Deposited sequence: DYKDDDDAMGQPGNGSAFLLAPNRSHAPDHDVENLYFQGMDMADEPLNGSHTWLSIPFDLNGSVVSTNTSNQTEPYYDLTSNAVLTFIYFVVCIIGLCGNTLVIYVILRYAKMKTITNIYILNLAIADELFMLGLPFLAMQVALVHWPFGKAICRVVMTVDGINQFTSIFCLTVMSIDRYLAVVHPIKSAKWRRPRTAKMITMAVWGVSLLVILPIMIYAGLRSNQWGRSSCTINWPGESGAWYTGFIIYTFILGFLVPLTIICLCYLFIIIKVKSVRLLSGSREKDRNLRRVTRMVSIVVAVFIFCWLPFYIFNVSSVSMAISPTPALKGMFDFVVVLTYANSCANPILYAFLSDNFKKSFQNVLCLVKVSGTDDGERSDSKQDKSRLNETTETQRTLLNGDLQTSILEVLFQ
């Protein structure tokens, strides 16, 4: 069969690219002393989440290659936990980055206390703790469902629980973060468009204007990659659609589209930044 083979090749390509990129990013941020700023903490935590997902993906590539799941239940639990961490922590980190950019650009005078290297680590720990509290149910109910075949899935105690899960994820994963991000940037734009000099010198103004644009482009790429998945899920929940053979290709396409985003992020930092490019060159060459 061709579909399984091409989707396995794509999974392995994605895994290799993402592992290389995120390992390079983590190493560069931890090794050098010029690269220790307030935004690189959030970038580092995003990279750690993507690295965990990249360590988990080969088992899903295997399961899609041969339809059986031969690895047991203890591995199923861990792969479901990592998939939840990938879905939730990445958006929570992007939300905190956007709030940080708002504080840095619009309120530079008052917010000088909330931007200190001791206060960012507490916010990162709170991000992880809230993410784990949100993940807890899929961690509890993950298991194996027998079709001779076995599959790693979530066995809801039911259906109504599936329709509840779709809404629970659509509301805590897409809507509430995007509203906050949209408000932050709607306010940031007016301020930039009106002011002449942001911080009193041309160098600080220039750096602020570069970093804000990089962050906005990262968020736009995220939205682009994760929109069709939610459109499809909510469309299937709302109206009754009887499954057809055409309903599998669309689902596989949108899922692998979501998976591609983790690979995409370590490539932007090379074009849209200069310190990251200098460091990547100094390390690799």
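Gaps between the deposited sequence and the modelled coordinates occur at 1 to 78, 226 to 227, 239 to 240, 368 to 414, listed in sequence order.
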